[PDB]
Amino acid sequence: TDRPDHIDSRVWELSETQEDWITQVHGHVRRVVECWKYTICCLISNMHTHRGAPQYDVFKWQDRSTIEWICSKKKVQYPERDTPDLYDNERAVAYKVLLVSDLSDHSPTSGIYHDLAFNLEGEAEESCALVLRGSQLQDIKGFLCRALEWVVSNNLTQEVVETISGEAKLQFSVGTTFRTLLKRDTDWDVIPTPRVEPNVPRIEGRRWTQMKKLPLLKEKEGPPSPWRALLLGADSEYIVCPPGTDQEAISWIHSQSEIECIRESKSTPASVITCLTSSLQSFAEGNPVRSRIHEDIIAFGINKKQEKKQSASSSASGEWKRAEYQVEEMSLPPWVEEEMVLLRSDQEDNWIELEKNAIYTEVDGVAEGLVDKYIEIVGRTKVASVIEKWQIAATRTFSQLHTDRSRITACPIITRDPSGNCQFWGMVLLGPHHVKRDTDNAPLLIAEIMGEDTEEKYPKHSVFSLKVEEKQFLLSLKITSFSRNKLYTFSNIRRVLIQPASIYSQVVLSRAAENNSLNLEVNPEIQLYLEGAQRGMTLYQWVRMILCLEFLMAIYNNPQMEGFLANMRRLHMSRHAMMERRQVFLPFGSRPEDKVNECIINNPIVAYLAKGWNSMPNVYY
Amino acid sequence: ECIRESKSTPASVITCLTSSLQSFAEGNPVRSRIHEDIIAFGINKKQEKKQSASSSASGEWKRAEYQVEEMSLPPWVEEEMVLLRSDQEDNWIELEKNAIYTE
Amino acid sequence: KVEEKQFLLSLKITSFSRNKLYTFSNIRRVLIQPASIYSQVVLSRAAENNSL
Amino acid sequence: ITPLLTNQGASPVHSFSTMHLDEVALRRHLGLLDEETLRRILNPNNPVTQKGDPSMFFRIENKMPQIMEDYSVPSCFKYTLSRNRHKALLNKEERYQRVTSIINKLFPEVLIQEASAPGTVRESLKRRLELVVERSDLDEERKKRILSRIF
Amino acid sequence: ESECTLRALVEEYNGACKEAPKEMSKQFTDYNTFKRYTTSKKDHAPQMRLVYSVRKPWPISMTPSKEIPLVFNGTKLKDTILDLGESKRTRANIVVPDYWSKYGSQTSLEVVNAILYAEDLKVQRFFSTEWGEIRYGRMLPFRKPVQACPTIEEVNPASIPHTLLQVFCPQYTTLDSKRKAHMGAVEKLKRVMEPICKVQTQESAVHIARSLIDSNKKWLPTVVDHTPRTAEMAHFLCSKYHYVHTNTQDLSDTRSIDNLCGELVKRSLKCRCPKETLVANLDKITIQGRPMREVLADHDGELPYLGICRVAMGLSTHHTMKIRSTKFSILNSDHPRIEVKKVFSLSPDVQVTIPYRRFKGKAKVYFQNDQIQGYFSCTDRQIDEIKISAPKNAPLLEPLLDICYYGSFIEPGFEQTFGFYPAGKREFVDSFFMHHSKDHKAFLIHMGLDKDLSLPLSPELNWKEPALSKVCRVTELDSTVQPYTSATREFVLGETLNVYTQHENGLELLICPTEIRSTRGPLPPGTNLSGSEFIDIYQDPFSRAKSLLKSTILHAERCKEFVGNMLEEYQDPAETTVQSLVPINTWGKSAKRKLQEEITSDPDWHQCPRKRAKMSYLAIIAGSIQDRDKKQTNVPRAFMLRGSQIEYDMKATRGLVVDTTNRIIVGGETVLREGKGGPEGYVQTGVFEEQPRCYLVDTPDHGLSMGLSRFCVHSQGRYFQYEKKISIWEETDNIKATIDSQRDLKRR
RNA sequence: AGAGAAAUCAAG
RNA sequence: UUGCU
RNA sequence: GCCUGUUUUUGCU
RNA sequence: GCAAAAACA
RNA sequence: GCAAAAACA
Ligand SMILES: *O[C]1[C]([C]OP([O])(=O)OP([O])(=O)OP([O])(=O)O[C][C]2O[C](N3=[C]N([C])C4=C3N=C([N])[N]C4=O)[C]([O])[C]2[O])O[C](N2[C]=NC3=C2N=[C]N=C3[N])[C]1O[C]
C-alpha cells in the first residue's frame, strides 16, 4: 500500500500510531523520515551485547511508562520534550539520531544527549563516525542510500529536504484580499462554523397514493398530420430498367418518358419539373453537375432569405415583443393505419441480401440459422425494399455534400435485383449548398415514384403522371431542406432490423432454454391486445410489424418522439408491474402522464402510439 | 543458448528440459505440466488439426491416393559407417560370465 | 557450457510406440549376428587343422 | 487481383466465435491467405504506410541495444486518409512534440517508468548522449569526432 | 552500423536545441507534463467522412517513393506532380494497397511470423480448445472480474515496470530493480521479443510485452462453476441462454504454492507464537530466484493456505467460506458469527470439547453449489426465509444440509450429543453428515409444512416437484442476488493463523486452520527452504541435506549455532533433518570428541569454509540416532545417507560435497567460488549525478559476476556505486532483534 | 417557398 | 463521373 | 459549436 | 499518456 | 511429430 519498499513492514506498522501525521506538514514524508530514524536506531543496535544484554537500548517508539521504568535504574532522567533515541550501556551515553542536509556546519545540542548526525547520502559526522563501528556505518549508509534512491525515483527530493530542514510550509494558504473576494457571495467564512445545534427536524409530509388505474394519454385535436418525411415510405415504387449502370438507366428512362402534370401544389410549383428533366439531361451524358437554370431559383429557394428579410422589413410595424413561438397541434391521421397495413405485404425478392458469416463451430451454426430464419421471415416485405431505397438515397445524397457547390447535383435512386435489372426509385437533386456546419439545412428536390396519391397525405407534393413504355407511374417531386447529420444517420438505416431480430431471437432462445433443446422453427402464439381485446397472433407477423413500426419511428424521430419514448418507459414498466398483481404507489403531486402528454403535439406516429396505449385496458384485476 | 533453430522442434521446449533436469534433481522424476509442454508432446494436437481441417474444408471427397517421396542416398552414410568404429578406452559391454564344467 | 567445455545439445520432438521401444530395449541381440561369422571362421580354422 | 481480404470484397473470415481473432492471422491459419501475399501485405518497408521520420528500435541481447532506421506500419492496409487543407501555441506544442520525441529516443527507460533524471533537459540529454556514445564499442577517433559536433 | 544511429541522435539533439531554444531549459522531470500536449491529432468525426474520404480522387496520403509506379496499367496511381518533397505529401488512390498486395516486394518469412506472433497465439488458442456441446438452461448471471487474456507468466503489478526494464534496457537499471523483477518472465519475454523487437518500435514492443505479462481484469457476467478463467472466449462459451461444456486443466503452479504454504502453516503451528514464525520464514524462503513475498503477491488464488500466507504478508485474499461442495458469503449481518465453546465432557475429569459457530442477531447469507444458488435470511438460529434458484427436479439435500451446518439451525448435532461419546471434531461432523443424509425430517420439523401447492420445494427435497404438501418459507429466487463488497476488505491474521475479516461489530472469521483438509502435494519447482528452521519439508534426502549444508557453509553464525546446538544436545531447529539423514549407528560420542579437539585447537575455525564443512559433517554424525546395543566405534571417513546411494565425505573429495582449492560445490552446485563472487551480497552505498571513481559496468548483470569491490550502474542520469557488504547480519534480522528486545523489555 | 420546432437554415 | 438489395 | 463524472472498444506515442 | 467512438447520469 | 497405408498424437 503506502509502505515504501525499503521500509520494513513491522516498522511501518509500528509507526502508524506514534504521531498524528494528518496535521503535520508532509505527513507521509514525515512518517517515512521517522521510519528512517527508527531503522537507523535498529541498525545501530544489531546483535551487540556487553554483559549478556543488548549494548544499546532504543527509547524511540516505546511506551513512556516503561521508558521511565528503565530510565530510573540507569541513574538518569530526561524531559518529555526531547527524549534520546537510544542509549549505550557499555559507554553509558544517550544518543539522538539526526538527519541533516549538510554535515560541514553541525553544532552540538542539549547536553542530555549527543547527536548522531547523518547525511542524506549515508555519511556521518566525524564524532558520529568514530563512536560507531565500521559495520554500523556501512549498514546505515546502505539503508540511507536505498532511501535516497527511493526518494529520487519518486521525485520527492524537495519534500524530503523541506521536512529535514524543518521550514514546513503549509502547502496551501489563502491570502487576505483573496479571502475577501471569496467571502463576497456567502454568509460564512472560508471554514464555516455555524452556531446552530446539529439536529434533524420533523416535517409534516404528504401521503403516497396508489395508482389504481393507468393514466390515459390525451389525444390532440386538429387537422390530420401530413406525411412529413424525406421519402414516401409504403407508397414508394420503382421502374424496371434494363441492366446496366445508373447513367444508362437514366438515359433509357429520359428518352422514353412523358411527363404530364395532374396535381399541382402551392408549396411545390409544377414549373420546377423542367429542373428534373434538365438534371436528367445532365446525367444522360455523364454530368451529375449542371449549371443553374431559372426555375432552380424557385426550386431550391436561391436568395430566398434576403427576399424574405426585405419583405419583412417593408411590412414591419408595431412594437418589439418577445418571440412567443407556436407549434401547431395536429391529430392522428388515417394514413398511419394504412401505412401499417401496407409496408407488410409480401414481395417477390428477398430485399435483404447480406453476406453470410463464416461457420466454424456449432454455436456459429445455430447463430447463422437464427439469422437466416429472421431474414427469411422479414426479408420478403415492403419494409426491406423501402429501407434499401432510403439507405441508397441517403448515401447518394450524403456523398455529394462534403463540398461547396453553386450548381445543381443529381443523385439518382437506383437499386438492382438479382436478375440485374435496374430499379428506379427516383432521383434527388441537391441545389447550391455551402455548408458551414453539420446541422444546417441544404436544399433538395425529391422526385420519386408513387403507388397511390392522397391529397390529405401529400399536400405539399406535386403529383405528375409519367408514361414509360405503355406503363403509367406517379411522380412526387417535393421541395425539401435536409441536414447533413440526418442524411448520415439515414445512410445507416439498415441497423433498424436489430430490434425486431432481438425480440425474435429472445423468444426463440427462451423457448430453447425452457425445453433444453433448440427448435429454430417455433412460431408460438403471442397474446396481444389487438382491437381492445386480447387475441393470439403468430410470432412471424408480430416481428414483421414490429419491424414496420420500428422503421416508421426511425424516419419520424424528432424531439417530440424522443421525449415521448423516453417518458413512456415508466408507464410501460408500471403496466407490466400491474399485470403481475403488483400495486403501484405514487408521490403527492405525481402525474406521470403529463411528461408524456407534453411531447404529444403533431407527430403522427407519436399519436399512433398514444392511441395504441389508450386502446389497451387501463385497469387490471 | 540456441545455435540452430528448426520449425519441427521449437526452441521453447528447452524450457521443458530445464524444467525436468531441475525436477529430477529434486527427487521428482515426474513433474507437473507447464505451458511450454503444450507444444512439446502434441497435447490437444488431434483436436487442433481436426477443427482446423473442418473449418478449412473445401471441395469434394476423393480417393486418398497416398504417395511416398523418393529420396537419394545421403552423403552422411559413409561417415556414419566409418565413425561407429572409433576405438574406445572402455569395453562398453558388461555380461556376467557363466559357469564352466566341460572343455 | 560445462566446466569451460563445449558441447552441442540436440532436442527432437518425436513419438514412438511401445512395440518399438520394447524391441529396442533388447537391442543387444544385434551382437549375435556378427559373432556367428567369427565363430564359424574360428571353427573353419579348426576344420583346417583340428587345433583351435 | 483476387481480393483475399474482407475490405477487398473477399468472403468474410470472421465468425461469431472468431470476433476476437485478427483477420490476417486467421486467414493465414485457415490457408485462405498464402505466404506469397503475406510477405507482401506485411512488409515493414512498404511505401504505403511508411512513416515520415526514422524511428528507434530495441535490440535484445545485442552489443548496441538502440538501432534507428526508417520504418513502415507492417500492414499496407493500415494507411492514413488525407485531410483537406491558439495558433502560435500549436507551434509551441509542436516544439514540445519534438522535445518529447528526442527524449523518448535518448531515454528509453522513461518509456516504462516516470521521468526522474536531474538537471535541465539540455544537460540531461547531453550527458545521456555522451554516455551512449561512450558505450558504442566504436574506436576512440569515432567517439571524439562524434562528440565534437554536439551542440 | 551503430555509427549512423549516433549521427541521427546527435543531429536530432542539435535540431531540438536550435529549433526549440525553450522547452529544453525546463527540468527533465517536466517531461511528465508536456508529454501530454498532443493536439492537432484531433478530428471532428471520422465515421461521418469515411465514405466521402475513400471516394476522393487521391484519398491516401503517403511519403514519396519510387516503388509505386507513377502510372500503372491504364490507371494513374500516385499524384506526385504538385508539391513533391513535403514530407507525407504524395497522394495515391485507394487501389494502391490493392496494387501492393500483388506485384510488390516481399519480406523474409521470419519477419511475417514475428509480426503475427501475438495474434497467432490467439488464433491457435481458439483452434485448440475442445468445443463441447451446447447446453441450454436459462442461466442466472454471476458478475465477477475475470482476466481479459492469458499471460505467459503471473507477475504482480508492482513488479511490472521493473521486469520490462530488465528486458529492454538492462543498461539503465539498478540492482534493486533487478531484484524486484521476475527473472523467469524476463527470460520468457526476451526469448519472445528477440524477433518481435526487430519489426516493432520501442513503445510498441513495450506494449506487447506488458500485454503479455499483465492481467487487466474486467467485469463480466459468467456462469457458476463454468468460468473459462479468461474473457477471451466468453462470447462463444456462454450467452445467457447456453454454455459450451469445455474441459481444461489448471495449467498453473498455484496448487504447488498452496502445498508449500500448507506445509509451512502446519509446521508453524507447532511452535510458540506461530504468526511471527511464519512471517519470519516467509521472508527467508525463495522460489527459483524470487522471494516468497513477491511470489505470494503474484498468485492471488482462491485457496485457503495461499490466502493465509498472503494475509501474513499484508496482502488480501479472495477465499470464501466453503462447506464441502457449497460456498457461502454473508451479504450483511448485525453481528459476526459468534463461536460457542460447547463442552461434551466424556467424564467429570476427562472432557472433550467441540466448539462450533452460529449467528447472533439477523443475518443474510448467499450460497451456491453446482448449478443451485440463492440466499437465506435467518435470525439467531431460526431460519426466516430461503430463496433458491435451481434446475427442475434437482436434488437439494446437500445444499440445505450445508446451510444447516453453516448456521447450526438444526440441533440433532448442535447444543446436544448424538449418542455415544464423540471421539473428536472429525468423527462428530462425519456422523452429523451421515445421519442427516438419510434423515432430512429435521428440516421439515424445523420449518413445518405448508398446504399451498405453489411452493416449489418438495418434502423430499426436489425443486419444482409435485407433491401433497410443500416446505414453507422456501421460494424461487425473485431477482438475481450476488455477493458484492464495496469497501475494500482488510484482513487480520490472529494467533493460530486465523484469517479474520474486519466486521463492524467485531471480527468475522474467514479462514481457520485445523479443519482445512488437503493431501500432501508436490512442492513448487525451484523452492529453496535453506533459509531457516524448515528443512524437513523436503521429502528427498538429497535436497534435504543440500539445503542444510548450504545454510551451514554460507553463514558462519549459522554454522556456529548448529555446532553448539548439535554438540551439547541443545534444541536445534533442524534435529529431524539430522536424524533422517544419517542411519542408525554408533559414531555419536566419537564425533563429539572430534568436535572437542577441533574447537579447542582452533577456536577461530568458523571463518574457513573447509573448516565449516568438516565441523558440520562431524556435528551431523554426532547427533544421529545412536544404536542402543552396539558399542561406540570410530567415526568413518565417509558414510551413506538413508534410503539413498549418496555418499557424504569428511574431506569432501567426492560425493555430495566437493571442495577443490578453486571452489566448493555442494550437491552439484558451486556454493562457493574463491576469488570472485563472495558469499555475502552488496549494498548500494551512494547515489551521484556524476561518474564516481569506480568501474562502470554495463548492466546489473555482467555485474555480481566479476566480484569487484566497487562498481557503478547508471539509471536516469544517476550513478549507483555498489561496493560490498561487510556486516555479518541483515537489516531484517536487525529490525526483528530490536523489536523483540523492545517487546521483551516492555513485558519484563 | 420549404425544412423545422421554443429559433435557426434557406451565402455571398 | 455514376453500381450496398 | 461539441461541459463534468463513470464505464466500455480500438489504435498511436 | 494521447486520439477517436459509444452508452449512461 | 511418429509412422506407413489412416493409425496414434
Ligand atoms: O494513466 C496511465 C497509467 C495507468 O496505467 P498502469 O496500469 O498504472 O501501468 P503504468 O504505465 O506502469 O503506470 P505508471 O507507472 O503511472 O506510468 C509508467 C510510465 O511509463 C510511461 N509509459 C507507460 N506505458 C505502459 C507506456 C508509456 N509510454 C509510451 N510511449 N507507451 C507506453 O505504452 C507512462 O507515460 C508513464 O510515464 O500508466 C500510463 N500509461 C498506461 N498505459 C500507457 C501509459 N502511458 C503512455 N502510454 C501507455 N500506452 C498512464 O499515465 C502516465
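Residues numbered from 1 in each chain as written, not as in the entry; some residues may be left out. Chains lettered and ligands numbered in written order. Part of a larger assembly, values for the part shown. Heavy atoms only, no water.

The deposited coordinates for this entry were obtained by cryo-EM, with a reported resolution of 2.7 Å.

Chemist: Sorry if this is basic, but what is going on with the protein's contact with RNA strand F here?
Modeler: Residues and elements named next belong to chain A. Around RNA strand F, the structure places 24 residues, and the nearest of them are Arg228, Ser267, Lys305, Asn441 and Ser481. Each atom of RNA strand F within 4 Å of the protein was assigned to sugar, phosphate or base; sugar and phosphate come to 51%. Top element by residues in the surface near RNA strand F is strand 16 (residues 478–483). It accounts for 4 residues. Looking at the surface near RNA strand F residue by residue, the classes come out as 7 nonpolar, 9 polar and 8 charged. (Near = heavy atom within 4 Å. Helix = DSSP H or I, 4+ residues; strand = E, 2+ residues; numbered from the N terminus. Nonpolar A, V, L, I, M, F, W, Y, C, P; charged D, E, K, R; others polar.)

Chemist: When you look at the nonpolar core in this model, what are you seeing that I'm missing?
Modeler: Across soluble globular proteins, nonpolar side chains show a tendency to be buried alongside one another. With 128 residues, the main nonpolar core has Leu217, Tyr374, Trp390, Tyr504, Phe551, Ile555 and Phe564 of chain A as its most contacted residues. Examining the composition of this core, we find that 9 residues originate from one element, helix 17 (residues 539–554) of chain A, more than from any other. Among residues more than four places away in sequence, those in contact with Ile555 of chain A are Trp227, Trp390, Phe490 and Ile493 of chain A. Among the nonpolar cores identified, the runner-up in size contains 60 residues, and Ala117 of chain D together with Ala16, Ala181 and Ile196 of chain E belong to it. (Core = buried A, V, L, I, M, F, W, Y, C linked by side-chain atoms within 4.5 Å. Buried < 20%, exposed > 50% of the residue type's maximum accessible area, 1.4 Å probe, protein only. Contact = heavy atoms within 4.5 Å.)

Chemist: Whenever I open this one, the packing of helix 18 (residues 559–578) of chain A against helix 20 (residues 604–615) of chain A confuses me. Can you help?
Modeler: Axes are the key here: two packed helices are described by the angle between their axes and the distance separating the axes. Residues and elements named next belong to chain A. In contact at an axis separation of 11 Å, helix 18 and helix 20 are set at 15° when each is read in the N-to-C sense. Between helix 18 and helix 20, the angle is such that the two are roughly parallel. By crossing handedness, the relation of helix 18 to helix 20 is classed as left-handed. Each of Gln560, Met561, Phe564, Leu565, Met568, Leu571, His572 and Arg575 in helix 18 lies in contact with helix 20, whose residues at this interface are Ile605, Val606, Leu609, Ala610 and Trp613. Looking at the contact of helix 18 with helix 20 residue by residue, the classes come out as 10 nonpolar, 2 polar and 1 charged. (Axes fitted to C-alpha atoms, helices over the stretch in contact; angles between N-to-C directions. Parallel < 35°, antiparallel > 145°, perpendicular 65-115°, else oblique. Left-handed = near helix turned anticlockwise from the far one by under 90°.)

Chemist: I tried to follow a positive patch on the surface on my own but got confused; where do I start?
Modeler: A cluster of basic residues, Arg138, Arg143, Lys240, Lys392 and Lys464 of chain E, forms a positive patch on the protein surface. Position of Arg138 of chain E among the secondary structure elements: in the loop between strand 4 (134–135) and strand 5 (142–147). (Patch = residues over 30% accessible without salt bridge, like charges linked within 9 Å, V, L, I, M, F, W, Y side chains within 5 Å. Areas by Shrake-Rupley, 256 points an atom, 1.4 Å probe, with all protein chains shown as cover. Salt bridge = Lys/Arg side-chain N within 4 Å of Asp/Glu carboxyl O. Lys, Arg positive; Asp, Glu negative; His and termini not counted. Charge placed at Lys NZ, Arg CZ, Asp CG, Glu CD.)

Chemist: Would you mind going over empty space enclosed by the protein with me for this structure?
Modeler: Using a probe with the size of a water molecule, rolled over the atoms, empty space left in the structure can be pinpointed. There is about 70 Å³ of room inside the largest cavity. Lining the largest cavity are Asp258, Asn259, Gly262, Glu263, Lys266, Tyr305, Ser518, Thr519, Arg520 and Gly521 of chain E. Looking at the lining of the largest cavity, the element that brings in the most residues is helix 12 (residues 254–268) of chain E, giving 5 residues. Residue composition of the lining of the largest cavity, grouped by class: 1 nonpolar, 5 polar and 4 charged. Space inside the second largest cavity adds up to approximately 60 Å³. Forming the boundary of the second largest cavity are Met64, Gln66, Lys105, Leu106, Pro108, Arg128 and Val132 of chain D together with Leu9 and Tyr172 of chain E. The class makeup of the residues in the lining of the second largest cavity is 6 nonpolar, 1 polar and 2 charged. (1 Å grid on protein atoms, 1.4 Å probe; cavity = no way out; pocket = protein on both sides within 12 Å on 5 of 7 lines; lining within 4 Å. Points joined across faces, edges and corners; volume = space filled by probe spheres on them.)

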